[PDB]
file final38.pdb (PDB, C-alpha atoms)
ATOM      1  CA  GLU A   5       0.000   0.000   0.000  1.00  0.00           C
ATOM      2  CA  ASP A   6       0.874   3.691   0.431  1.00  0.00           C
ATOM      3  CA  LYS A   7       1.197   3.131   4.152  1.00  0.00           C
ATOM      4  CA  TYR A   8       4.040   5.143   5.779  1.00  0.00           C
ATOM      5  CA  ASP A   9       7.131   2.792   6.415  1.00  0.00           C
ATOM      6  CA  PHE A  10       7.763   3.290  10.133  1.00  0.00           C
ATOM      7  CA  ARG A  11      10.694   0.834  10.190  1.00  0.00           C
ATOM      8  CA  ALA A  12      13.546   3.335  10.101  1.00  0.00           C
ATOM      9  CA  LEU A  13      11.962   5.483  12.817  1.00  0.00           C
ATOM     10  CA  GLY A  14      11.331   2.332  14.943  1.00  0.00           C
ATOM     11  CA  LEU A  15      14.910   1.210  14.579  1.00  0.00           C
ATOM     12  CA  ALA A  16      16.138   4.751  15.494  1.00  0.00           C
ATOM     13  CA  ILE A  17      13.963   4.531  18.641  1.00  0.00           C
ATOM     14  CA  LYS A  18      15.532   1.133  19.455  1.00  0.00           C
ATOM     15  CA  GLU A  19      19.082   2.452  18.850  1.00  0.00           C
ATOM     16  CA  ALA A  20      18.572   5.463  21.153  1.00  0.00           C
ATOM     17  CA  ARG A  21      17.037   3.281  23.787  1.00  0.00           C
ATOM     18  CA  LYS A  22      20.039   0.905  23.709  1.00  0.00           C
ATOM     19  CA  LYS A  23      22.656   3.669  23.453  1.00  0.00           C
ATOM     20  CA  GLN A  24      21.050   5.181  26.599  1.00  0.00           C
ATOM     21  CA  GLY A  25      21.347   1.829  28.420  1.00  0.00           C
ATOM     22  CA  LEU A  26      17.605   1.246  28.873  1.00  0.00           C
ATOM     23  CA  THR A  27      15.744  -2.098  28.642  1.00  0.00           C
ATOM     24  CA  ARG A  28      12.243  -2.315  27.112  1.00  0.00           C
ATOM     25  CA  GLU A  29      10.916  -3.062  30.603  1.00  0.00           C
ATOM     26  CA  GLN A  30      12.367   0.241  31.890  1.00  0.00           C
ATOM     27  CA  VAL A  31      10.886   2.142  28.936  1.00  0.00           C
ATOM     28  CA  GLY A  32       7.578   0.350  29.577  1.00  0.00           C
ATOM     29  CA  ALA A  33       7.393   1.281  33.257  1.00  0.00           C
ATOM     30  CA  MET A  34       8.436   4.903  32.394  1.00  0.00           C
ATOM     31  CA  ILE A  35       5.809   5.679  29.795  1.00  0.00           C
ATOM     32  CA  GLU A  36       3.273   3.000  30.687  1.00  0.00           C
ATOM     33  CA  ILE A  37       3.333   0.729  27.658  1.00  0.00           C
ATOM     34  CA  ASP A  38       3.716  -2.971  27.271  1.00  0.00           C
ATOM     35  CA  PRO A  39       7.331  -4.258  26.465  1.00  0.00           C
ATOM     36  CA  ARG A  40       5.859  -6.605  23.785  1.00  0.00           C
ATOM     37  CA  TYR A  41       4.151  -3.680  22.118  1.00  0.00           C
ATOM     38  CA  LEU A  42       7.518  -1.862  22.163  1.00  0.00           C
ATOM     39  CA  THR A  43       9.193  -4.886  20.324  1.00  0.00           C
ATOM     40  CA  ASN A  44       6.717  -4.612  17.461  1.00  0.00           C
ATOM     41  CA  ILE A  45       7.192  -0.804  17.280  1.00  0.00           C
ATOM     42  CA  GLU A  46      11.010  -1.173  17.252  1.00  0.00           C
ATOM     43  CA  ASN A  47      11.437  -4.390  15.216  1.00  0.00           C
ATOM     44  CA  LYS A  48       8.429  -4.784  12.913  1.00  0.00           C
ATOM     45  CA  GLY A  49       7.328  -1.230  11.903  1.00  0.00           C
ATOM     46  CA  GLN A  50       4.032  -1.401  13.730  1.00  0.00           C
ATOM     47  CA  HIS A  51       2.730   2.153  13.925  1.00  0.00           C
ATOM     48  CA  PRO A  52       2.279   3.348  17.514  1.00  0.00           C
ATOM     49  CA  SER A  53      -0.603   5.775  18.352  1.00  0.00           C
ATOM     50  CA  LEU A  54       0.390   9.426  18.263  1.00  0.00           C
ATOM     51  CA  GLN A  55       0.377   9.377  22.109  1.00  0.00           C
ATOM     52  CA  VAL A  56       2.893   6.496  22.181  1.00  0.00           C
ATOM     53  CA  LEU A  57       5.020   8.056  19.473  1.00  0.00           C
ATOM     54  CA  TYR A  58       5.217  11.388  21.490  1.00  0.00           C
ATOM     55  CA  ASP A  59       6.030   9.504  24.707  1.00  0.00           C
ATOM     56  CA  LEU A  60       8.883   7.425  23.138  1.00  0.00           C
ATOM     57  CA  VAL A  61      10.520  10.302  21.279  1.00  0.00           C
ATOM     58  CA  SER A  62      10.249  12.827  24.138  1.00  0.00           C
ATOM     59  CA  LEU A  63      11.560  10.132  26.529  1.00  0.00           C
ATOM     60  CA  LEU A  64      14.540   9.279  24.237  1.00  0.00           C
ATOM     61  CA  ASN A  65      15.143  12.588  22.355  1.00  0.00           C
ATOM     62  CA  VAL A  66      14.565  11.131  18.850  1.00  0.00           C
ATOM     63  CA  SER A  67      13.835  13.502  15.982  1.00  0.00           C
ATOM     64  CA  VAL A  68      10.593  12.666  14.174  1.00  0.00           C
ATOM     65  CA  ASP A  69      11.270  15.349  11.516  1.00  0.00           C
ATOM     66  CA  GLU A  70      14.334  13.291  10.433  1.00  0.00           C
ATOM     67  CA  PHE A  71      11.981  10.588   9.272  1.00  0.00           C
ATOM     68  CA  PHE A  72       8.838  12.484   8.272  1.00  0.00           C
ATOM     69  CA  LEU A  73      10.303  15.349   6.225  1.00  0.00           C
ATOM     70  CA  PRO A  74      12.781  15.582   3.274  1.00  0.00           C
ATOM     71  CA  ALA A  75      16.294  16.048   4.748  1.00  0.00           C
ATOM     72  CA  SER A  76      17.187  19.764   4.792  1.00  0.00           C
ATOM     73  CA  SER A  77      18.859  22.444   6.897  1.00  0.00           C
ATOM     74  CA  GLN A  78      15.416  22.983   8.479  1.00  0.00           C
ATOM     75  CA  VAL A  79      15.635  19.443   9.981  1.00  0.00           C
ATOM     76  CA  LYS A  80      17.695  18.738  13.142  1.00  0.00           C
ATOM     77  CA  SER A  81      18.418  14.970  13.105  1.00  0.00           C
ATOM     78  CA  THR A  82      18.740  12.882  16.202  1.00  0.00           C
ATOM     79  CA  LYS A  83      22.505  13.003  15.757  1.00  0.00           C
ATOM     80  CA  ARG A  84      22.551  16.733  15.419  1.00  0.00           C
ATOM     81  CA  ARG A  85      20.442  17.090  18.651  1.00  0.00           C
ATOM     82  CA  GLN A  86      22.836  14.839  20.566  1.00  0.00           C
ATOM     83  CA  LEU A  87      25.825  16.801  19.240  1.00  0.00           C
ATOM     84  CA  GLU A  88      24.252  20.071  20.407  1.00  0.00           C
ATOM     85  CA  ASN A  89      23.713  18.607  23.881  1.00  0.00           C
ATOM     86  CA  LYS A  90      27.405  17.667  23.957  1.00  0.00           C
ATOM     87  CA  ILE A  91      28.640  21.131  22.997  1.00  0.00           C
ATOM     88  CA  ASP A  92      26.302  23.108  25.296  1.00  0.00           C
ATOM     89  CA  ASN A  93      29.082  23.990  27.753  1.00  0.00           C
ATOM     90  CA  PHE A  94      31.766  24.586  25.105  1.00  0.00           C
ATOM     91  CA  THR A  95      33.918  27.713  25.167  1.00  0.00           C
ATOM     92  CA  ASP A  96      34.584  29.715  22.009  1.00  0.00           C
ATOM     93  CA  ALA A  97      38.091  28.345  21.600  1.00  0.00           C
ATOM     94  CA  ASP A  98      36.519  24.847  21.698  1.00  0.00           C
ATOM     95  CA  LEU A  99      34.048  26.031  19.085  1.00  0.00           C
ATOM     96  CA  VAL A 100      36.868  27.388  16.855  1.00  0.00           C
ATOM     97  CA  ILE A 101      38.348  23.857  16.764  1.00  0.00           C
ATOM     98  CA  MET A 102      34.815  22.675  15.941  1.00  0.00           C
ATOM     99  CA  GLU A 103      34.274  25.262  13.175  1.00  0.00           C
ATOM    100  CA  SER A 104      37.705  24.630  11.648  1.00  0.00           C
ATOM    101  CA  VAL A 105      36.924  20.918  11.311  1.00  0.00           C
ATOM    102  CA  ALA A 106      33.480  21.593   9.790  1.00  0.00           C
ATOM    103  CA  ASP A 107      35.389  23.609   7.174  1.00  0.00           C
ATOM    104  CA  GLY A 108      37.820  20.703   6.794  1.00  0.00           C
ATOM    105  CA  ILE A 109      34.913  18.284   6.213  1.00  0.00           C
ATOM    106  CA  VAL A 110      33.625  20.649   3.482  1.00  0.00           C
ATOM    107  CA  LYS A 111      37.043  21.111   1.818  1.00  0.00           C
ATOM    108  CA  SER A 112      37.646  17.369   2.275  1.00  0.00           C
ATOM    109  CA  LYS A 113      34.691  16.721  -0.027  1.00  0.00           C
ATOM    110  CA  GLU A 114      36.440  18.468  -2.965  1.00  0.00           C
ATOM    111  CA  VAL A 115      39.564  16.360  -2.345  1.00  0.00           C
TER     112      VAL A 115
ATOM    113  CA  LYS B   3      -5.080   9.415  32.368  1.00  0.00           C
ATOM    114  CA  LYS B   4      -5.620  13.109  31.567  1.00  0.00           C
ATOM    115  CA  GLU B   5      -2.413  14.562  33.111  1.00  0.00           C
ATOM    116  CA  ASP B   6      -1.068  11.679  31.033  1.00  0.00           C
ATOM    117  CA  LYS B   7      -2.501  12.698  27.613  1.00  0.00           C
ATOM    118  CA  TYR B   8      -0.564  14.751  25.031  1.00  0.00           C
ATOM    119  CA  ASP B   9      -2.385  17.986  24.246  1.00  0.00           C
ATOM    120  CA  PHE B  10      -2.356  17.970  20.411  1.00  0.00           C
ATOM    121  CA  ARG B  11      -3.970  21.398  20.093  1.00  0.00           C
ATOM    122  CA  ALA B  12      -0.799  23.481  19.613  1.00  0.00           C
ATOM    123  CA  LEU B  13       0.458  21.062  16.791  1.00  0.00           C
ATOM    124  CA  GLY B  14      -3.109  20.959  15.369  1.00  0.00           C
ATOM    125  CA  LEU B  15      -2.993  24.824  15.074  1.00  0.00           C
ATOM    126  CA  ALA B  16       0.501  24.772  13.500  1.00  0.00           C
ATOM    127  CA  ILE B  17      -0.854  22.322  10.827  1.00  0.00           C
ATOM    128  CA  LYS B  18      -3.878  24.563  10.310  1.00  0.00           C
ATOM    129  CA  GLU B  19      -1.685  27.716  10.044  1.00  0.00           C
ATOM    130  CA  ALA B  20       0.641  26.058   7.538  1.00  0.00           C
ATOM    131  CA  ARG B  21      -2.344  24.921   5.432  1.00  0.00           C
ATOM    132  CA  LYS B  22      -3.675  28.533   5.439  1.00  0.00           C
ATOM    133  CA  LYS B  23      -0.288  30.112   4.808  1.00  0.00           C
ATOM    134  CA  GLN B  24      -0.065  27.863   1.808  1.00  0.00           C
ATOM    135  CA  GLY B  25      -3.530  28.770   0.459  1.00  0.00           C
ATOM    136  CA  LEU B  26      -4.932  25.208   0.675  1.00  0.00           C
ATOM    137  CA  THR B  27      -8.604  24.532   1.686  1.00  0.00           C
ATOM    138  CA  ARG B  28      -9.518  21.553   3.850  1.00  0.00           C
ATOM    139  CA  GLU B  29     -11.153  19.979   0.783  1.00  0.00           C
ATOM    140  CA  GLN B  30      -7.888  20.269  -1.145  1.00  0.00           C
ATOM    141  CA  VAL B  31      -5.799  18.664   1.627  1.00  0.00           C
ATOM    142  CA  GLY B  32      -8.387  15.931   2.037  1.00  0.00           C
ATOM    143  CA  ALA B  33      -8.271  15.254  -1.700  1.00  0.00           C
ATOM    144  CA  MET B  34      -4.441  15.238  -1.682  1.00  0.00           C
ATOM    145  CA  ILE B  35      -3.967  12.804   1.226  1.00  0.00           C
ATOM    146  CA  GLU B  36      -7.331  11.040   1.150  1.00  0.00           C
ATOM    147  CA  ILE B  37      -8.879  12.154   4.437  1.00  0.00           C
ATOM    148  CA  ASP B  38     -12.366  13.510   5.199  1.00  0.00           C
ATOM    149  CA  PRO B  39     -12.227  17.309   5.510  1.00  0.00           C
ATOM    150  CA  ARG B  40     -14.336  16.847   8.694  1.00  0.00           C
ATOM    151  CA  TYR B  41     -11.706  14.707  10.369  1.00  0.00           C
ATOM    152  CA  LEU B  42      -9.269  17.475   9.361  1.00  0.00           C
ATOM    153  CA  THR B  43     -11.421  20.124  11.090  1.00  0.00           C
ATOM    154  CA  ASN B  44     -11.346  18.081  14.312  1.00  0.00           C
ATOM    155  CA  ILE B  45      -7.584  17.479  14.097  1.00  0.00           C
ATOM    156  CA  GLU B  46      -6.844  21.230  13.615  1.00  0.00           C
ATOM    157  CA  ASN B  47      -9.541  22.786  15.882  1.00  0.00           C
ATOM    158  CA  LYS B  48     -10.460  20.286  18.580  1.00  0.00           C
ATOM    159  CA  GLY B  49      -7.211  18.496  19.417  1.00  0.00           C
ATOM    160  CA  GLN B  50      -8.297  15.171  18.011  1.00  0.00           C
ATOM    161  CA  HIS B  51      -5.203  12.898  17.660  1.00  0.00           C
ATOM    162  CA  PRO B  52      -4.735  11.733  14.079  1.00  0.00           C
ATOM    163  CA  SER B  53      -3.268   8.313  13.525  1.00  0.00           C
ATOM    164  CA  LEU B  54       0.455   8.233  12.938  1.00  0.00           C
ATOM    165  CA  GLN B  55      -0.340   7.655   9.220  1.00  0.00           C
ATOM    166  CA  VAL B  56      -2.434  10.772   8.953  1.00  0.00           C
ATOM    167  CA  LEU B  57      -0.004  12.808  11.162  1.00  0.00           C
ATOM    168  CA  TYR B  58       2.801  11.788   8.753  1.00  0.00           C
ATOM    169  CA  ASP B  59       0.646  12.620   5.682  1.00  0.00           C
ATOM    170  CA  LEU B  60      -0.217  16.106   7.042  1.00  0.00           C
ATOM    171  CA  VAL B  61       3.170  17.282   8.086  1.00  0.00           C
ATOM    172  CA  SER B  62       4.982  15.801   5.063  1.00  0.00           C
ATOM    173  CA  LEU B  63       2.327  17.511   2.835  1.00  0.00           C
ATOM    174  CA  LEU B  64       2.627  20.805   4.615  1.00  0.00           C
ATOM    175  CA  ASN B  65       6.283  20.586   5.752  1.00  0.00           C
ATOM    176  CA  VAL B  66       5.354  21.109   9.417  1.00  0.00           C
ATOM    177  CA  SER B  67       7.937  20.370  12.139  1.00  0.00           C
ATOM    178  CA  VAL B  68       6.695  17.804  14.686  1.00  0.00           C
ATOM    179  CA  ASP B  69       9.973  18.080  16.669  1.00  0.00           C
ATOM    180  CA  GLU B  70       8.999  21.627  17.534  1.00  0.00           C
ATOM    181  CA  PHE B  71       5.981  20.282  19.524  1.00  0.00           C
ATOM    182  CA  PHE B  72       7.334  16.950  20.706  1.00  0.00           C
ATOM    183  CA  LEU B  73      10.855  17.756  21.858  1.00  0.00           C
ATOM    184  CA  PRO B  74      12.008  20.219  24.537  1.00  0.00           C
ATOM    185  CA  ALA B  75      13.366  23.407  22.977  1.00  0.00           C
ATOM    186  CA  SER B  76      16.783  24.431  24.254  1.00  0.00           C
ATOM    187  CA  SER B  77      18.507  27.038  22.012  1.00  0.00           C
ATOM    188  CA  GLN B  78      19.650  29.128  24.989  1.00  0.00           C
ATOM    189  CA  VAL B  79      23.292  30.331  24.789  1.00  0.00           C
ATOM    190  CA  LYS B  80      23.126  31.870  21.302  1.00  0.00           C
ATOM    191  CA  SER B  81      26.918  32.350  21.352  1.00  0.00           C
ATOM    192  CA  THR B  82      27.929  34.055  18.075  1.00  0.00           C
ATOM    193  CA  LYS B  83      30.612  31.388  17.645  1.00  0.00           C
ATOM    194  CA  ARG B  84      28.101  28.626  18.361  1.00  0.00           C
ATOM    195  CA  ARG B  85      25.655  30.267  15.937  1.00  0.00           C
ATOM    196  CA  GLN B  86      28.220  30.206  13.095  1.00  0.00           C
ATOM    197  CA  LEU B  87      29.113  26.567  13.797  1.00  0.00           C
ATOM    198  CA  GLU B  88      25.509  25.372  13.764  1.00  0.00           C
ATOM    199  CA  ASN B  89      24.802  27.179  10.496  1.00  0.00           C
ATOM    200  CA  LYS B  90      27.866  25.488   8.887  1.00  0.00           C
ATOM    201  CA  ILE B  91      26.713  22.026  10.012  1.00  0.00           C
ATOM    202  CA  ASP B  92      23.048  22.520   8.994  1.00  0.00           C
ATOM    203  CA  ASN B  93      23.655  20.590   5.765  1.00  0.00           C
ATOM    204  CA  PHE B  94      25.790  17.829   7.355  1.00  0.00           C
ATOM    205  CA  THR B  95      24.869  14.181   6.939  1.00  0.00           C
ATOM    206  CA  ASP B  96      25.072  11.979   9.975  1.00  0.00           C
ATOM    207  CA  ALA B  97      28.402  10.495   8.769  1.00  0.00           C
ATOM    208  CA  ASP B  98      29.827  14.047   8.881  1.00  0.00           C
ATOM    209  CA  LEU B  99      28.231  14.555  12.305  1.00  0.00           C
ATOM    210  CA  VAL B 100      29.999  11.385  13.532  1.00  0.00           C
ATOM    211  CA  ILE B 101      33.285  13.220  12.823  1.00  0.00           C
ATOM    212  CA  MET B 102      31.998  16.389  14.535  1.00  0.00           C
ATOM    213  CA  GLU B 103      30.943  14.354  17.511  1.00  0.00           C
ATOM    214  CA  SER B 104      34.414  12.790  17.769  1.00  0.00           C
ATOM    215  CA  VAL B 105      35.907  16.276  17.791  1.00  0.00           C
ATOM    216  CA  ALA B 106      33.618  17.255  20.697  1.00  0.00           C
ATOM    217  CA  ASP B 107      34.525  14.098  22.626  1.00  0.00           C
ATOM    218  CA  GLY B 108      38.216  14.649  21.936  1.00  0.00           C
ATOM    219  CA  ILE B 109      37.944  18.185  23.283  1.00  0.00           C
ATOM    220  CA  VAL B 110      36.357  17.043  26.575  1.00  0.00           C
ATOM    221  CA  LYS B 111      38.983  14.287  26.941  1.00  0.00           C
ATOM    222  CA  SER B 112      41.659  16.980  26.428  1.00  0.00           C
ATOM    223  CA  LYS B 113      40.101  19.472  28.806  1.00  0.00           C
ATOM    224  CA  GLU B 114      39.158  16.843  31.398  1.00  0.00           C
ATOM    225  CA  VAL B 115      42.082  14.425  31.310  1.00  0.00           C
ATOM    226  CA  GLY B 116      44.637  17.162  30.515  1.00  0.00           C
ATOM    227  CA  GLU B 117      43.964  18.885  33.858  1.00  0.00           C
TER     228      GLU B 117
END
call {"tool": "encode", "arguments": {"input": "final38.pdb", "output": "structure tokens"}}
result
Amino acid sequence: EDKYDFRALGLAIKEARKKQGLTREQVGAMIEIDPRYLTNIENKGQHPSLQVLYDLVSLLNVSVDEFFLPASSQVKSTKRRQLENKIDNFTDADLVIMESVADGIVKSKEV
Amino acid sequence: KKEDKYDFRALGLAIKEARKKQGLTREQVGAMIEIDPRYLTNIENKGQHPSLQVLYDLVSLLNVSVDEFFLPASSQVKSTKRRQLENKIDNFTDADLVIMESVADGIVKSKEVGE
């Protein structure tokens, strides 16, 4: 059909959950859903309700836009969000290292 | 289970405002993504939760950010340096961001384990 393919979003939810050291039973107790229901959402592309989607992504900090919208500079991916969290306390001199390397990644692409 | 329920109304209004900014009627949207214009009215005006399918169809049609209403906004220390950095990495793929992330982690190792 022309059903939305939730598989990539479900796998991103599973990845975040595992990277953050959480079991499905923890996630289940936290947002009040059944662990088995979480398996099908993560592993099999079963669509959760909007309520369950909101609860998982707000609990884990997973970008929905990444998977719903065409990739653009108006979309902050999960990775980008996590990066920003990491650099929150950075000084400017830290940031100048950061900026320099972003430029190097750009120039790298022409090499 | 009310202090438990997501209030969709702010996202519903964003969808509605994007539809209007784009000059689309409810009948046009409904014809485009195959939903009853009456279900649309309820979704935009009365906080009725669409299915994930219909949520996806709306915001991909209209280019509406869900993250804006689902995820906590930070964007606090608008450091001019930080501003410039974030604008340069707007168009980075995640592979590129893996490098950026390793820089960040290298910098904390330095700062931390250096002192």
call {"tool": "atom_distance", "arguments": {"input": "final38.pdb", "atom1": "atom CA of residue A:85", "atom2": "atom CA of residue A:115"}}
result
28.4 Å
call {"tool": "resolve_selection", "arguments": {"input": "final38.pdb", "expression": "the PyMOL selection byres ((chain A and resi 61) around 12)", "output": "PDB file with C-alpha atoms, keeping the file's coordinate frame"}}
result
ATOM      1  CA  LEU A  13      11.962   5.483  12.817  1.00  0.00           C
ATOM      2  CA  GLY A  14      11.331   2.332  14.943  1.00  0.00           C
ATOM      3  CA  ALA A  16      16.138   4.751  15.494  1.00  0.00           C
ATOM      4  CA  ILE A  17      13.963   4.531  18.641  1.00  0.00           C
ATOM      5  CA  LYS A  18      15.532   1.133  19.455  1.00  0.00           C
ATOM      6  CA  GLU A  19      19.082   2.452  18.850  1.00  0.00           C
ATOM      7  CA  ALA A  20      18.572   5.463  21.153  1.00  0.00           C
ATOM      8  CA  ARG A  21      17.037   3.281  23.787  1.00  0.00           C
ATOM      9  CA  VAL A  31      10.886   2.142  28.936  1.00  0.00           C
ATOM     10  CA  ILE A  35       5.809   5.679  29.795  1.00  0.00           C
ATOM     11  CA  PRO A  52       2.279   3.348  17.514  1.00  0.00           C
ATOM     12  CA  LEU A  54       0.390   9.426  18.263  1.00  0.00           C
ATOM     13  CA  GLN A  55       0.377   9.377  22.109  1.00  0.00           C
ATOM     14  CA  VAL A  56       2.893   6.496  22.181  1.00  0.00           C
ATOM     15  CA  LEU A  57       5.020   8.056  19.473  1.00  0.00           C
ATOM     16  CA  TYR A  58       5.217  11.388  21.490  1.00  0.00           C
ATOM     17  CA  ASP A  59       6.030   9.504  24.707  1.00  0.00           C
ATOM     18  CA  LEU A  60       8.883   7.425  23.138  1.00  0.00           C
ATOM     19  CA  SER A  62      10.249  12.827  24.138  1.00  0.00           C
ATOM     20  CA  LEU A  63      11.560  10.132  26.529  1.00  0.00           C
ATOM     21  CA  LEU A  64      14.540   9.279  24.237  1.00  0.00           C
ATOM     22  CA  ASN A  65      15.143  12.588  22.355  1.00  0.00           C
ATOM     23  CA  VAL A  66      14.565  11.131  18.850  1.00  0.00           C
ATOM     24  CA  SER A  67      13.835  13.502  15.982  1.00  0.00           C
ATOM     25  CA  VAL A  68      10.593  12.666  14.174  1.00  0.00           C
ATOM     26  CA  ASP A  69      11.270  15.349  11.516  1.00  0.00           C
ATOM     27  CA  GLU A  70      14.334  13.291  10.433  1.00  0.00           C
ATOM     28  CA  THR A  82      18.740  12.882  16.202  1.00  0.00           C
TER      29      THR A  82
ATOM     30  CA  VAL B  68       6.695  17.804  14.686  1.00  0.00           C
ATOM     31  CA  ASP B  69       9.973  18.080  16.669  1.00  0.00           C
ATOM     32  CA  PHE B  71       5.981  20.282  19.524  1.00  0.00           C
ATOM     33  CA  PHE B  72       7.334  16.950  20.706  1.00  0.00           C
ATOM     34  CA  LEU B  73      10.855  17.756  21.858  1.00  0.00           C
ATOM     35  CA  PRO B  74      12.008  20.219  24.537  1.00  0.00           C
TER      36      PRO B  74
END
call {"tool": "residues_around", "arguments": {"input": "final38.pdb", "residues": "residue B:59", "least_positions_apart": "5", "cutoff": "12 Å", "atoms": "all atoms listed in the file", "output": "count of residues only"}}
result
21
call {"tool": "residues_around", "arguments": {"input": "final38.pdb", "residues": "residue A:105", "least_positions_apart": "5", "cutoff": "9 Å", "atoms": "all atoms listed in the file", "output": "PyMOL selection string"}}
result
(chain A and resi 100+110) or (chain B and resi 101-102+105)
call {"tool": "axis_aligned_box", "arguments": {"input": "final38.pdb", "around": "stretch 94-98 of chain B", "padding_each_side": "5 Å", "output": "lines of an AutoDock Vina configuration file"}}
result
center_x = 27.3
center_y = 14.2
center_z = 8.5
size_x = 15.0
size_y = 17.3
size_z = 13.0
call {"tool": "resolve_selection", "arguments": {"input": "final38.pdb", "expression": "the PyMOL selection byres ((chain B and resi 85-93) around 12)", "output": "VMD selection string"}}
result
(chain A and resid 75 to 81 83 to 85 87 to 88 91 to 92 94 96 98 to 110) or (chain B and resid 77 to 84 94 to 103)
call {"tool": "resolve_selection", "arguments": {"input": "final38.pdb", "expression": "the PyMOL selection byres ((chain A and resi 46) around 7)", "output": "MDAnalysis selection string"}}
result
chainID A and resid 14:15 17:18 42:45 47:49
call {"tool": "write_last_selection", "arguments": {"input": "final38.pdb", "atoms": "C-alpha atoms", "output": "mmCIF file, in the frame of the given file"}}
result
data_model
loop_
_atom_site.group_PDB
_atom_site.id
_atom_site.type_symbol
_atom_site.label_atom_id
_atom_site.label_comp_id
_atom_site.auth_asym_id
_atom_site.auth_seq_id
_atom_site.Cartn_x
_atom_site.Cartn_y
_atom_site.Cartn_z
ATOM 1 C CA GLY A 14 11.331 2.332 14.943
ATOM 2 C CA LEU A 15 14.910 1.210 14.579
ATOM 3 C CA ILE A 17 13.963 4.531 18.641
ATOM 4 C CA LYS A 18 15.532 1.133 19.455
ATOM 5 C CA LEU A 42 7.518 -1.862 22.163
ATOM 6 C CA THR A 43 9.193 -4.886 20.324
ATOM 7 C CA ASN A 44 6.717 -4.612 17.461
ATOM 8 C CA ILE A 45 7.192 -0.804 17.280
ATOM 9 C CA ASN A 47 11.437 -4.390 15.216
ATOM 10 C CA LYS A 48 8.429 -4.784 12.913
ATOM 11 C CA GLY A 49 7.328 -1.230 11.903
#
call {"tool": "atom_distance", "arguments": {"input": "final38.pdb", "atom1": "atom CA of residue B:27", "atom2": "atom CA of residue B:10"}}
result
20.8 Å
call {"tool": "atom_distance", "arguments": {"input": "final38.pdb", "atom1": "atom CA of residue B:117", "atom2": "atom CA of residue A:86"}}
result
25.3 Å
call {"tool": "closest_residue", "arguments": {"input": "final38.pdb", "among": "B:62, B:43, B:50, B:30", "to": "chain A", "atoms": "all atoms listed in the file"}}
result
B:62
call {"tool": "build_atoms", "arguments": {"input": "final38.pdb", "residues": "stretch 18-29 of chain B", "atoms": "N, CA and C atoms", "output": "JSON list (two decimals), in the frame of the given file"}}
result
[["chain", "number", "residue", "atom", "x", "y", "z"],
["B", 18, "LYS", "N", -2.83, 23.76, 10.87],
["B", 18, "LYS", "CA", -3.88, 24.56, 10.31],
["B", 18, "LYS", "C", -3.22, 25.83, 9.75],
["B", 19, "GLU", "N", -2.28, 26.43, 10.50],
["B", 19, "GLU", "CA", -1.68, 27.72, 10.04],
["B", 19, "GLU", "C", -0.84, 27.50, 8.80],
["B", 20, "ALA", "N", -0.16, 26.38, 8.74],
["B", 20, "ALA", "CA", 0.64, 26.06, 7.54],
["B", 20, "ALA", "C", -0.28, 25.84, 6.32],
["B", 21, "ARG", "N", -1.34, 25.05, 6.50],
["B", 21, "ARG", "CA", -2.34, 24.92, 5.43],
["B", 21, "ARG", "C", -2.85, 26.31, 4.92],
["B", 22, "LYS", "N", -3.15, 27.24, 5.84],
["B", 22, "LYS", "CA", -3.68, 28.53, 5.44],
["B", 22, "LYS", "C", -2.58, 29.39, 4.82],
["B", 23, "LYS", "N", -1.35, 29.27, 5.32],
["B", 23, "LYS", "CA", -0.29, 30.11, 4.81],
["B", 23, "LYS", "C", -0.07, 29.64, 3.38],
["B", 24, "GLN", "N", -0.33, 28.37, 3.15],
["B", 24, "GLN", "CA", -0.06, 27.86, 1.81],
["B", 24, "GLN", "C", -1.22, 27.98, 0.83],
["B", 25, "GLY", "N", -2.32, 28.57, 1.27],
["B", 25, "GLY", "CA", -3.53, 28.77, 0.46],
["B", 25, "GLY", "C", -4.35, 27.51, 0.15],
["B", 26, "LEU", "N", -4.20, 26.45, 0.94],
["B", 26, "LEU", "CA", -4.93, 25.21, 0.68],
["B", 26, "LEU", "C", -6.24, 25.22, 1.47],
["B", 27, "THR", "N", -7.37, 24.78, 0.90],
["B", 27, "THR", "CA", -8.60, 24.53, 1.69],
["B", 27, "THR", "C", -8.56, 23.15, 2.31],
["B", 28, "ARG", "N", -9.44, 22.88, 3.28],
["B", 28, "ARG", "CA", -9.52, 21.55, 3.85],
["B", 28, "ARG", "C", -9.88, 20.50, 2.80],
["B", 29, "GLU", "N", -10.75, 20.87, 1.87],
["B", 29, "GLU", "CA", -11.15, 19.98, 0.78],
["B", 29, "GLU", "C", -9.98, 19.62, -0.09]]
